[PDB]
Amino acid sequence: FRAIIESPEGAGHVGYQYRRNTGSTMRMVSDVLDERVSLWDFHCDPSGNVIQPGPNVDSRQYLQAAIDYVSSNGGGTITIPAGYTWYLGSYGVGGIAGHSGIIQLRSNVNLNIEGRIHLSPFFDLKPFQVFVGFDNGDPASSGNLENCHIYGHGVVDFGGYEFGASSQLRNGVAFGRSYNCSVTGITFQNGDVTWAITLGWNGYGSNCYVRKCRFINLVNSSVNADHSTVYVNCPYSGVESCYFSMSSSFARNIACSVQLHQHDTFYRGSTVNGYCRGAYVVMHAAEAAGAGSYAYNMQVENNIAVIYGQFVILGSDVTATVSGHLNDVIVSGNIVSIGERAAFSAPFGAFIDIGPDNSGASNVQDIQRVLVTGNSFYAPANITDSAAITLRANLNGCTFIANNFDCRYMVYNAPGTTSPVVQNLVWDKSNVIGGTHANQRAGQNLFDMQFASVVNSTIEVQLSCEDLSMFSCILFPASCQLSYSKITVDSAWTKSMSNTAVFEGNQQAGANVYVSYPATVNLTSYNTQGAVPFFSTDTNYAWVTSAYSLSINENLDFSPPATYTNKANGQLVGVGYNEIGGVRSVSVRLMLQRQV
Amino acid sequence: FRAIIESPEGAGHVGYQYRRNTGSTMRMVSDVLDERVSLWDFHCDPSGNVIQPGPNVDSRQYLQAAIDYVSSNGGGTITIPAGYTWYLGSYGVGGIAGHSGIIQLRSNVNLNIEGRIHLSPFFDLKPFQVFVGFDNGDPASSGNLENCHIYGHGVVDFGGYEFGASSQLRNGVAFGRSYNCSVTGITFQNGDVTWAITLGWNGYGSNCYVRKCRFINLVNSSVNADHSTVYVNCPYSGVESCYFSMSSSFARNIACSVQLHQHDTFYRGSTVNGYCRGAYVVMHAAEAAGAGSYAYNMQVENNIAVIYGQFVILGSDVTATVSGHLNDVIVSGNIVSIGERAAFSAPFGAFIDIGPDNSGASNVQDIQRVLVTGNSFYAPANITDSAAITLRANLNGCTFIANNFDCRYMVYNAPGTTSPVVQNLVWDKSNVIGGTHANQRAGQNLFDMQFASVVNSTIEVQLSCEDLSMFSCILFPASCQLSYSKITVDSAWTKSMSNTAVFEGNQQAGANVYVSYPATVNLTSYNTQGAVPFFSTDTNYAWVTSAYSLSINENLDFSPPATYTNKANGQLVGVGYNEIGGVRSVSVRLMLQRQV
Amino acid sequence: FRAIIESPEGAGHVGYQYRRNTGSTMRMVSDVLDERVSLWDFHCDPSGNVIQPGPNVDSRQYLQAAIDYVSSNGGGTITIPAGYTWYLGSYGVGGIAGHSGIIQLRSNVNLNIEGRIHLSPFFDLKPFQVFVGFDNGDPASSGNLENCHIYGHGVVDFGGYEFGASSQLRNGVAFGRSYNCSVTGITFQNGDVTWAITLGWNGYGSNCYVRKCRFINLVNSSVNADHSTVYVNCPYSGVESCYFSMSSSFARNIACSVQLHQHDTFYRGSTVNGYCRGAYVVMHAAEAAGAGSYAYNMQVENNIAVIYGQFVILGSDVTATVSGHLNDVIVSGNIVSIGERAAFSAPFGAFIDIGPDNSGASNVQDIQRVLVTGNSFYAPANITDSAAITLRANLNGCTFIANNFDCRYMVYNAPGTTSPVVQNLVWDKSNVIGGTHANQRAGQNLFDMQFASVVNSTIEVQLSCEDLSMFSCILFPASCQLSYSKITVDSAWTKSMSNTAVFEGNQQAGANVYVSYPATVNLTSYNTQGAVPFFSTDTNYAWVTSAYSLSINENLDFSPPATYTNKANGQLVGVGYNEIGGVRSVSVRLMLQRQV
Ligand SMILES: CC(=O)N[C@@H]1[C@H]2O[C@]3(O[C@H]4[C@H](O)[C@@H](CO[C@@]5(OC[C@@H](O[C@H]1O)[C@H]2O)O[C@H](CO)[C@@H](O)[C@H](O)[C@H]5O)O[C@H](O)[C@@H]4NC(C)=O)O[C@H](CO)[C@H](O[C@H]1O[C@H](CO[C@@H]2O[C@@H](C)[C@H](O)[C@@H](O)[C@H]2O)[C@@H](O)[C@H](O)[C@H]1O)[C@H](O[C@@H]1O[C@H](CO)[C@@H](O)[C@H](O)[C@H]1NC(C)=O)[C@H]3O
Ligand SMILES: CC(=O)N[C@@H]1[C@H]2O[C@]3(O[C@H]4[C@H](O)[C@@H](CO[C@@]5(OC[C@@H](O[C@H]1O)[C@H]2O)O[C@H](CO)[C@@H](O)[C@H](O)[C@H]5O)O[C@H](O)[C@@H]4NC(C)=O)O[C@H](CO)[C@H](O[C@H]1O[C@H](CO[C@@H]2O[C@@H](C)[C@H](O)[C@@H](O)[C@H]2O)[C@@H](O)[C@H](O)[C@H]1O)[C@H](O[C@@H]1O[C@H](CO)[C@@H](O)[C@H](O)[C@H]1NC(C)=O)[C@H]3O
Ligand code: NA
Ligand code: NA
Ligand code: NA
Ligand code: NA
Ligand code: NA
Ligand code: NA
Ligand code: NA
Ligand code: NA
Ligand code: NA
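Chains A, A' and A'' supply the protein sequences, listed in that same order. A prime marks a further copy of an entry chain. Counting from 114, one number per residue, gives the positions in the first sequence under PDB author numbering. Counting from 114, one number per residue, gives the positions in the second sequence under PDB author numbering. Counting from 114, one number per residue, gives the positions in the third sequence under PDB author numbering.
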C-alpha cells in the first residue's frame, strides 16, 4: 500500500467526498486535482522530475506539451504560475515555423498568465512571433483557431532586444484565422516589435478582442521599420480600455496603436501616449478575402491620446482584381493632442488624415459616409504642421459636426503634391475653431483648399477670436474647380481682415455655388437730394445676389444703403438717402452674399 | 489505516500545511479540496459513482443538487467543467415549474460555465426557461434572487429546436426578482427562443448586468411570435459590450436585441447584425409595480448595428389604474444602417420610432426630454421606407442635435393612419442630411409632417446636396395645426426647387410661427426714373415680414430691390432703382421671412 | 508511514501525475495544493488549529500573515472565502499606523475577495483605512505599491459606524504610491467614510483603475466632514462602469462620486444616485509633485446621474511655489438631473461649476481648453438654483456645443459675490435650451453675466419655446467689460419680449463687439409721396450697423423700410414707400445688428 501511495498513482487511491456530503460523488484526490492544470504539470525532465524555470532554462517545449495535451482533451485553461519568470529560448516546429513562431496556440485551450513570460537572448537580432494560432506556414492553407483566450495579471516581456534587420517581423500574439479569441489584462513590454497582437487573417475570423491590456515600450531602435500595436484583421472584433505607451524617439515617427481593417470593428476607451499615430481605419484590397471588399461600421470612440503625427488615418486601395471601399465610420468623443515637438520634426500633425496608398497613389480611394463628431484636438502654437484634416487623397465624403479643433489649419493639403478630387466634404458651423495659433499664420490660409476639385461640399467658417496674421480664412487656387457647394465665413472677428474668402479663379461665380463673406467696398452716390443711389467703384461683383452693411454711418447729412444688389457691369447698387444733396464717397464693410 | 485512506474520508486523514510554512494552518487535504466545487462533486449515481455526461444522460438533477447544497453553505461558485457537454433533459420541479423552468438559481450561488450546456430533444417543440431565479410559479409571490453571477468562456446551446406553438415562451436565464446578478462572457446560441436573458420582474430588482456575452442565431422559425434577446425589467441595470447576430429571415421581421423598461438602465458598446430592431426604451404601466411609473435616465450609446426595421423605439402606455411615463433619455454615438433589402420587405426602417401601444393606440404616450445626438444612420437608396424618425404616436418632446441621417425621409408619418399630437420636436440645423436618396424622392416630402398638430417645435432644414426629385423639403397638410414653432429651409442647393416649404393650410401665417424659405416671385415696377417701387404680381404674401434677393440682376439700366416688405393686400413691395425710366418686369428668387 | 501521512507533511508523500499522463510531472499532492492559497492557510491558532471567523474573532493578524508570506514568494492571489464573514477588529502596526491602517497591502499580492469583510465595533467612532499600500507613515518616505489587484464578488462592509469627530479620516482602499493596481467587482457598503478608494499619492502612481464596483450608503451622519467615493491622484488611471448610491440626507450636501486630480484620467459609464456632486476635475498645486503641475486629458463621459448640487466641478489653484493648471478636458454623453428638492436646499444646482479654491479665491485659476458636448441636463421647474454653468471663478476657456440644458439659468454667477475674469467662453447656437422653467423666471436673466469682464467669447442664444416671464435672455451689468465678443439672440419665440439682450453699460457699442437681437422701434416718416425716409424717434442706435423688419405691414397706402442703417445722432434711417403722401408713424419689431 505504501508503494501505491508514494507512486504517481497514489492520489488516485485516496478517497474524497465533497464536504463529507453523503449525496456527493465518491471521488479520489487525483480526480479533484485533475480539474485544474498548470505549467508545473509539464515542466519536467524525461524522468518526470520538476525543473525550476529561470534564465538558463528554455520553458518552450514544456508549455507546448501542456497546450498539446489539454487540446487533446477538448480544452481547458493552463495556468502560468505567479511568482516565477518562465523563459522561452528556442523556435517552435511544424506549422508555426513559417511564422517564426515560438508557441503554437490550439483551439479551446486558454492560457491564464499570472507570472511572467520572458524572451531569452537566443532571440536577440532575430524575428519571432511568441504565440501563433496558424497551424500552417502558409496562412491560406491554415486551419482555424477557435475559443482561445489569454488572460491574467501577468506579463509578456520581449527582452529589450533590437531588430536585426528592418525586413524582420516580430509579434506577441498572432491568433491567426481566429474565431472567439481574446487577450485580457496582460502587460506586453520592453521590446522592438512590429505588432503586440494581431487578430484574424485577411478577413478570416470573428469576435476577437483586446481588453484591459497594457502595451509599454515596444519600439526601441532605428532598425524597426514600422509598428502597430494591435492589427484587427477580422470583423466583429476590437480593442477596448487599453493603455499604450512609448518613450522612444523612434516610436514618435513610426508607431501606431491600432489598425482597424475589417467591418464591424472598434477602438474605444483607450489611452495612448508617445505614439506617431492613433488608428488606421482602412480597407486594403489585398486583405479582402475572408470578409469582403468593404470596411464598414468602423468605430473610434472615447479615446485619450498624445501623439506626434495623425490620430485617425482613413484609406482604401486596389489590387489588380479587387477594389477596397471604406464607408460608415464614426469618430467621436476622443480627446487628442499633438505632444510638444518642433514644427516638421515628425509626420504632419492631424486629427483626420485621408492617406494615399502604400505606393503614394491618391486616385484609388473610395471613402465616404464618415462622421467625425464631438472630438477635441489641440496642437501647441509652434506646430505649423497641424490640421483638423489633412486631405491628401480622393475623398467621396466626410462630415464634421460639433468638434473643437485648436491647431494651425482646419482643412489642409500641401500645394504641389497630390490633387485630390473631393466630394461631400461637410464642415458644419458647429465646429469651433480654437485660438492657440492666433498670430502664427502669416502667409497661411486657415482652410487651404489645395484640391483638383470640390463638389457637393459645405464649409461654414466660424471664428471665435481674431487672427489678423492669416492671409485668408479660406482660399481656393484657380486650379481647384468648385461647384454645387456652400462656402460661408461668419463676420465675427473678421472686421479687420483684408481677405476673408479667396477664390483665385473667381469660382464663387458658379451657377450652383452658394457663398457669403465680408468685404470692404468703396461706393459713390449721385448728387440728388432725397432717395439716391450708391454704386461701387469696382466692378467685380457680377456674382453678388445681395449685400448688406456691416459698418456704422458716422454721417448726419446722409446715409448709404443698408442693402445692395448688383448690375450687369459688376457694380453693386443700392438706394440710400441724402438729407442734403451732394455726391458722397464712402468705404463700407459689407457682407457679400450669393444665393444665400 | 488503508481502509480509512481508500474510503471517502481518506483525504480527511492526509495532513497538509501550505508550502511547509510552519506558521500556516495544519489542515487535511480534504479541507483544501473543499475550497472549490464542481459539477463532478454531484454528478453521480445513488452509490456515489461518477456518471459521464453525454447526449443520453440528463444532468439536470445533479446540477440542481450542486446548487441546492452550495446554497445551504451560504454560497460559492460551482464550475461546469471545460471539455464536456452537459445535457439537460427534463423539467425542474417546485416553484420554477410555473415558468417551464429547468434549473433553479439560488442566491449567492454563482455558476462558472467553462464547458457546454446543451438541451436534449425532450425540449423539442416545448416551452422552457433554462435557469430561473423565481422561487414561486407566481412572480408576485416569489422571493428574491441576490448575488448570483453566471460567467465563463462556456456555451448555452438551445439545440436548434423550433417552437411548437406561437404562444409558448422560451428563455435562457430569468434572474427573477433579481438584485446584484449578472451574466458575463457566455455564448448563447442555436435556438428559437423568446429571450436569452431577462433581468428583474416588473421593476423589482437592481444592479443586474449582461457584459461581454454573445447571442448567435436565436430565432429560426415562422412559429416564433416575437424575440428580444435581453429584457431589462429592473432599474440600475444594463447591457454592455455584447455581440448579437441572427441569420434567419424571421429574425429580420421579429427580433430585437434589448428592451430597456425601467429607470437608470443602459445599452452600450454592443454590435448587432441581422435583427429587426435595436432597442425598445419603454415604460409599460403594466410593469410599474417595483420601481414606479417613470422610465428615466435611459441610455443607448456607442453601439454598432445592421438592422432591418427600427433602431430605437420609444413608448409609454397606460392600464386601468397606472400611467407610464418616459423621459430623460439619451441616444448618442451609435452607428446604424438598414441592411440590404427591398423597400417595404421588413418593418418600416427608422433610426427613432415613436411607437403606438400594443393595441395600436397613439394617444396614451407621455414621452419627453429625449436627446438624440452624435449618431450616424444610413439606408440604401432603394429603401423608400427609411426615416430618421417615424413619429407615429403622441410626442411631448424629442431633441435632435448633430446627427448625420442618410435615408429617404427625415421626419415621417404615414398619411391616413395615426394623427399624433406633437410638442417640443427640435431638429437643430446641425443635423446633416445625406444624399444617398437624391433623385429617388418623386412625389415625396423630405419632412412629411402628417400630424394632428405641431407646437413648440423647431425644424431647421439644411441640405448638403441637390435633390430636385422631391416634392418639397417640408410639407404640412391643412389638417395639421402649427403654432409657436420655427420652420426654416436654408437656401443652399435649393435654387431650382419648385417647392421648398409647403403649408397646405397657410399655417405659416400664424401669429407665433417663425419661418423662412426660398420662393420665386414675379414683380413689376412703376415707370418712374430714379428710386422706384417694385410690387409682386401675386397677393399671397400678407404673412411676410421681410424678403431679400437670392438672384443676380442681369440688367444695366435698372435694379430691383435688394429687400422687400409687404402690404395689406398681400403684395410684396420694395424700392429699386431705374437709371432710365420704364415699367420693369422680373422673376426673382427671394428668401421669404416671417418674424426671423 | 501512517505517522508521516497523518502529519502536516503527509500530502508531501502522496504522489500525483496529471490525468495519469506519462509525459507529466511526477508531483506530490502538496505541490498541487500549493498552487493556490486562501485565508484558511493562515487563519489558525499558535498550534496550527484552524479558527472559525465570526463577530468575536479578529481576522486581521491572519490576513496580514497571509499577505506577508505570499509577498515573500514573489506574489500570488489570496482568496478570502465565500460563505463566511471575516471580521477586522484591531489596527495594523508599523508603516500603516500613521494612516490608521488595518491591513497593509504588498506588491504582487492580489486579494480575491469572495466572502465578506466586516469592521467590528472596535472601530466605532474611530478613524480607519482598511487596506493601505503605503509602507511608511509619511507618504513622501513611502515605497511604492505595484501590481496589486483586489477583485471578486465579495463585500467590504464598514459596520454602519458614525465618525467620532469631523477631523477623522476613513477609507476602504488606499493603494498609496500605486502602479498597476485595481479594484474590480467589489461592493463597498454601510459606512460613514471619507473615501472608499484612493489611487496614487500627489501624482505618484500610474495605471490604477476602479471597474464594476458598487458603492452603497457610505455617508450616514452630520459629523462626516466631506466624502468623495474615489479619489484619483495618479495619472493614466480612472473609474469605469461603477455604481454609486447614497440614501442619507447628509450625502446630498457633502458627497461626490469621483475626484480626477491628475493628467490622463477618466470617469466613464457609471451611474450615480443620491450624491451632491458627480466629479471634480482639478489640479491642486499641493498635489503636483509626482506628475507635474498640469491636469490635462481629463475625460468625463457617458455617465448617468441624479445629484443635488453640481455634476462636474472644474478648478485649479496655487501654493507659495507651485501653480496648478487645468486644460484639455472633455465632458460628453452624460445624462444628469438634479433630483427632487426645494430651491436652495442643497448646494447650487449646476451641470458645470467653475469653482473657487478651498479658501474661496477666484483669482488663482488657469482653466482652459474644455469641451462640453452632447450632454443632457434637467432640473425640476421649482429649482431656482439650477444652471448649465455656474461660472464663479476666473475662466480662460470653456466650449459648449450640442448640449441640451433644461434648467433655470444657462450661464449664472451670483451678483455681489465673485467677479470672474472670463475669456474664451463659447456657447454655440447648437445648445438647445429647454422649457421646463418657462414662466418661472420673473426678475431673472437667462444668461446672467455677472462678471468683471468677458473677452473672446461667443453666446448664441436660441430659444425653443416662449418664456415671457424672464427679464431678459442675456444681461451684462455696467460693471462687466465686454470686448472682442459675439452675442446673438435668435428672434424665434421672442416677439413679445420687452427685453432680449440688455447691456447696462452700453457695452454693445464696443469696436470689436458683434451683436444682434430683436427690439421694438418707433419710426416716423417725412410727408413725401414716393420713396420716403423713415427715422427712429429714439436716438440710442449709434452702434447699429443694420436692422431689418420682423413685423408685417398692415397698411395699403405705404410701407416702412425693410432695412435700416443709422445716422451720427443715433437715429435709425431707411427708405420706405408712400403710395400716397403723408407723415407716417409706426411701431415695428426689428432685428438690430452690429457688425453681423
Ligand atoms: C419578446 C418581447 O419581449 N417582446 C416585446 C414586448 O413584450 C411583451 O413584450 C414586448 C413589448 O411589449 C414590446 C414593447 O413595444 C410595444 O413595444 C414593447 C414590446 O416590444 C416587444 O419587443 C413589448 O411589450 O409597446 C411600446 C410601449 O407602448 C410601444 O412603444 C411599441 O410601439 C410597441 O410595439 O417590445 C417587445 O416587442 C416585447 N417582446 C418581447 C419578446 O420581449 O410581449 C412579450 C411577448 O413574449 C412578453 O409577453 C409574454 O410573456 C409574459 C411574461 O410571462 C409570464 O411571466 C413570466 C415572469 C413567467 O416566467 C412566464 O412563465 C409567464 O407566466 C406573459 O404574461 C404574456 O402573456 C406573454 O405574451 C412580455 O412580457 C414581459 O416579459 C418580461 C420578460 O420575461 C417580464 O419581465 C415582464 O413581467 C412581462 N411583462 C408583462 C406585462 O407581462 C411583454 O411585455
Ligand atoms: C473628501 C474629498 O476628497 N474632498 C475633496 C477635497 O479634498 C481635500 O479634498 C477635497 C478637494 O480639495 C475638493 C476640490 O475642490 C475644491 O475642490 C476640491 C476638493 O473637493 C473635495 O471634494 C478637494 O480639495 O478645490 C477646487 C480647486 O481649487 C475648486 O475648484 C473647488 O471649488 C473646491 O471646492 O474636492 C473634494 O471636496 C475633496 N474632498 C474629499 C473628501 O476628497 O480635502 C479632503 C478632506 O477629506 C482631503 O484632505 C484631508 O486628507 C488629507 C490627506 O490625508 C493625509 O495624507 C494621507 C495620504 C494619509 O493617509 C492620511 O492619514 C493623512 O495623513 C489631509 O492632509 C488633510 O488635512 C485632510 O483634510 C484631501 O486630501 C487629499 O486626499 C487624497 C486622498 O486620500 C490624497 O491622495 C492627497 O494627498 C490629499 N491632498 C492633500 C493636498 O493633502 C484634500 O485635497
Ligand atoms: Na511567414
Ligand atoms: Na506603414
Ligand atoms: Na504603423
Ligand atoms: Na408562467
Ligand atoms: Na412585440
Ligand atoms: Na421584440
Ligand atoms: Na496620517
Ligand atoms: Na470639499
Ligand atoms: Na467632496
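Ideal Cβ positions, reconstructed from N, Cα and C, are used throughout, including at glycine.
**Q.** Under the three-state DSSP convention, the category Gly273(A') falls into
**A.** Here residue 273(A') is taken as the residue at index 160 of the second sequence, counted from 1. The answer is coil: DSSP assigns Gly273(A') none of H, G, I, E or B.
**Q.** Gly285(A) beta carbon near ligand 3 (any heavy atom closer than 6 angstroms)
**A.** If you number the first sequence from 1, residue 285(A) lands on position 172. The answer is no for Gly285(A).
Q. For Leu146(A''), which of helix, strand or coil comes out of DSSP?
A. In the third sequence, the residue the question calls residue 146(A'') occupies position 33. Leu146(A'') falls in the helix class under three-state DSSP.
Q: Return yes when at least one heavy atom of ligand 10 lies under 6 angstroms from the C-beta of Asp339(A''), else no.
A: Taking the first residue of the third sequence as position 1, residue 339(A'') is located at position 226. Under cutoff, so the answer is yes.
Q | Contacting positions in the stretch 135-163 of chain A'' - beta carbon closer than 9 angstroms to chain A | A | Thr135, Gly136, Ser137, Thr138, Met139, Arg140, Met141, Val142, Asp144, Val145, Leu146, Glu148 and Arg149
Q: Report, in whole angstroms, the separation of the C-beta atoms of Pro168(A'') and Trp199(A''), which I expect to be a contact under 8 angstroms.
A: Taking the first residue of the third sequence as 1, we reach residue 168(A'') at position 55. Taking the first residue of the third sequence as 1, we reach residue 199(A'') at position 86. No, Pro168(A'') and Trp199(A'') are not in contact; Cβ-Cβ is about 11 angstroms, not under 8 angstroms.
Q: Return the CA-CA distance between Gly405(A'') and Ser341(A), expressed in angstroms with no decimal places.
A: Locating residue 405(A'') in the third sequence gives position 292, where the first residue counts as 1. Locating residue 341(A) in the first sequence gives position 228, where the first residue counts as 1. In a straight line, the C-alpha of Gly405(A'') is about 29 angstroms away from that of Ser341(A).
Q: Compute the Euclidean distance between the alpha carbons of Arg290(A'') and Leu258(A''), then round it to the nearest angstrom.
A: For this step, residue 290(A'') is matched to residue 177 along the third sequence. For this step, residue 258(A'') is matched to residue 145 along the third sequence. For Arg290(A'') and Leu258(A''), the distance between alpha carbons rounds to 6 angstroms.
Q) At a Cβ cut of 7 angstroms, what residues of the stretch 500-530 of chain A' count as close to chain A, listed as they run along the chain? A) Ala515, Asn517 and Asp519
Q: List the residues of chain A that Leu484(A'') touches, going by C-beta distances under 7 angstroms, in chain order.
A: Residue mapping note: residue 484(A'') aligns to position 371 of the third sequence, counting from 1. Simply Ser489 and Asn517.
(Q) Distance check for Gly123(A'') and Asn221(A), CA to CA, integer angstroms please. (A) Translated into the one-based positions of the first sequence, residue 221(A) becomes position 108. Translated into the one-based positions of the third sequence, residue 123(A'') becomes position 10. Approximately 36 angstroms, taken between the alpha carbons.
(Q) Using only the alpha-carbon positions, how far apart do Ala253(A'') and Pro240(A'') sit? (A) As a first step, residue 253(A'') must be located in the third sequence, where it is residue number 140. As a first step, residue 240(A'') must be located in the third sequence, where it is residue number 127. Distance between the alpha carbons of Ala253(A'') and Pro240(A'') is about 21 angstroms.
**Q.** CA nearest to the CA of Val394(A), picked from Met359(A), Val343(A) and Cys355(A)
**A.** Taking the first residue of the first sequence as 1, we reach residue 394(A) at position 281. For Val394(A), the nearest C-alpha among the options comes from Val343(A).
Q. Nearest-angstrom Cα distance between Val444(A) and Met562(A)?
A. The sequence position of residue 444(A) within the first sequence is 331, counting from 1. The sequence position of residue 562(A) within the first sequence is 449, counting from 1. Roughly 23 angstroms separates the two Cα atoms.
Q | Near-chain A' residues of the stretch 526-556 of chain A - C-beta to any C-beta below 8 angstroms | A | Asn537, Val539, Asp541, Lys542 and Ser543
Q. Among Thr650(A''), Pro533(A'') and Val626(A''), which has the Cα closest to the Cα of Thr637(A'')?
A. By 1-based counting over the third sequence, the position of residue 637(A'') is 524. Ranking the options by Cα distance to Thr637(A''), first place goes to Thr650(A'').
Q. Taking only beta-carbon atoms, is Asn415(A) less than 7 angstroms away from chain A''?
A. On the first sequence, residue 415(A) is found 302 positions in, with the first residue counted as 1. So yes, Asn415(A) belongs to the interface.
Q: Return helix, strand or coil for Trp314(A''), following the three-state DSSP convention.
A: For the purposes of this step, residue 314(A'') is identified with residue 201 of the third sequence, where counting begins at 1. Strand, per DSSP.
Q. To the nearest angstrom, how far is it from the Cα of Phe379(A'') to the Cα of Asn447(A)?
A. What you label residue 379(A'') is simply residue 266 of the third sequence in a count that begins at 1. What you label residue 447(A) is simply residue 334 of the first sequence in a count that begins at 1. If I take the Cα positions, the gap works out to 12 angstroms.
Q) If you compare alpha carbons, which of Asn682(A), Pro460(A), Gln412(A) and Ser213(A) is closest to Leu439(A)? A) Translated into the one-based positions of the first sequence, residue 439(A) becomes position 326. Checked all of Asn682(A), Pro460(A), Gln412(A) and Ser213(A); the closest Cα to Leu439(A) is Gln412(A).
**Q.** Contiguous beta strand (DSSP E) assignments of at least 3 residues, all confined to the stretch 375-453 of chain A''
**A.** 378-381, 384-388, 390-396, 407-414, 417-420, 423-429, 438-445 and 448-451
Q) Are at least three pairs of beta-carbons, each pair with one atom in the stretch 504-519 of chain A'' and one in the stretch 482-496 of chain A'', less than 8 angstroms apart? A) yes
(Q) List, from N- to C-terminal side, the alpha helix (DSSP H) runs of 4 residues or more that fit wholly inside the stretch 232-314 of chain A. (A) none
Q) ligand 1 heavy atoms versus the CB of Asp181(A): any closer than 6 angstroms? A) Counting from one through the first sequence, the residue named residue 181(A) turns up at place 68. Because no heavy atom of ligand 1 lies under 6 angstroms away, the Cβ of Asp181(A) does not count as near it: no.
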